[PDB]
Amino acid sequence: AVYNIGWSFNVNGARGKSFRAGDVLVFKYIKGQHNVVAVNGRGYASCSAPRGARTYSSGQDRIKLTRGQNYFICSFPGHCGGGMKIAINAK
Ligand SMILES: [Cu+]
């Protein structure tokens with residue numbers, strides 16, 4: 001399935017909803033104001049992207065979920081600490 005995510009300080013579209021491996025998340029926001037970095041668990045916990053992490057910056061980034069945990073954060077200064085981070089469990 002394909003789901004739109006409201007990528008902002010107050011992230012919407014992920015809370016209390018069920019996801020499955022293979023689903024496509026579409027991060028929507030204004031290009032240049034944020035980014036989407038796919039990180040690992042430790043990177044998610046400390047709001048810091050690990051070396052080589054993949055960045056998406058188009059404002060309408062299509063990312064497929066892999067089975068298990070999928071972590072994403074915005075890496076601009078103050079944004080992750082401001083709540084721009086999500087952990088999705090794709091069953
Ligand atoms: Cu951001």
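Sequence positions, counted from 1, serve as the residue numbers for this chain. Side chains are part of it too, since the values below use all heavy atoms of this structure and drop only hydrogens, waters and symmetry mates.
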What distance separates [X] [atom1] from [Y] [atom2], expressed to the nearest 0.5 Å?
| X | Y | atom1 | atom2 | answer |
| --- | --- | --- | --- | --- |
| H34 | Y29 | NE2 | OH | 9.0 Å |
| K91 | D23 | NZ | CG | 12.0 Å |
| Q33 | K31 | CD | NZ | 12.5 Å |
| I86 | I73 | CD1 | CD1 | 11.5 Å |
| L25 | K64 | CG | NZ | 12.0 Å |
| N89 | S18 | CG | OG | 10.0 Å |

Heavy-atom neighbours of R67 CZ exceed 12 at 6.0 Å: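 Not buried by this count: 12 neighbours or fewer within 6.0 Å.
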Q69, CD atom: more than 12 neighbouring heavy atoms under 6.0 Å: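 Yes - once you tally the heavy atoms of other residues, nucleotides and ligands closer than 6.0 Å, there are more than 12.
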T55 side chain reached by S75 side chain, heavy atoms, under 4.5 Å: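 Sidechains of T55 and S75: no contact.
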Heavy-atom side-chain contact between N35 and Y56 under 4.5 Å: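 No. Closest side-chain heavy atoms not under 4.5 Å.
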side-chain hydrogen bond (donor to acceptor under 3.5 Å, both in side chains) assessment of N70 paired with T66: CA-CA 7 Å; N70 292 262; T66 50; 3.2 Å; yes
Exam field: side chain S46 to backbone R42, donor-acceptor pair closer than 3.5 Å: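 Yes; at least one donor-acceptor contact below 3.5 Å.
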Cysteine SG atoms at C80 and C74 closer than 2.5 Å: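 No.
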Shared-cluster residues of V26, by chain and number - hydrophobic side chains joined below 4.5 Å: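 Same cluster as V26: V2, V24.
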Closest heavy-atom pair and its distance - [X], [Y]:
| X | Y | value |
| --- | --- | --- |
| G81 | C47 | N-SG, 3.9 Å |
| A38 | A53 | O-CB, 3.6 Å |
| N4 | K28 | OD1-CE, 3.5 Å |

From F19, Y71, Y3, residue fulfilling side-chain contact (heavy atoms from CB on, under 4.5 Å) relative to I88: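 Answer to the side-chain contact (heavy atoms from CB on, under 4.5 Å) test with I88 among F19, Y71, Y3: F19.
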same_hphob_cluster(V39, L65) at 4.5 Å side-chain heavy-atom cutoff: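 No, separate clusters.
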Flag for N12-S8: side-chain donor and acceptor within less than 3.5 Å: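 Checked: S8/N12 side chains show no N/O donor-acceptor pair below 3.5 Å.
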Under the ring pair (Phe, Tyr, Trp, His ring centres under 6.0 Å) test, residues paired with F27 that sit two or more places apart: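 Ring pair (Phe, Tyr, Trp, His ring centres under 6.0 Å) list for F27, sorted by chain: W7, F72.
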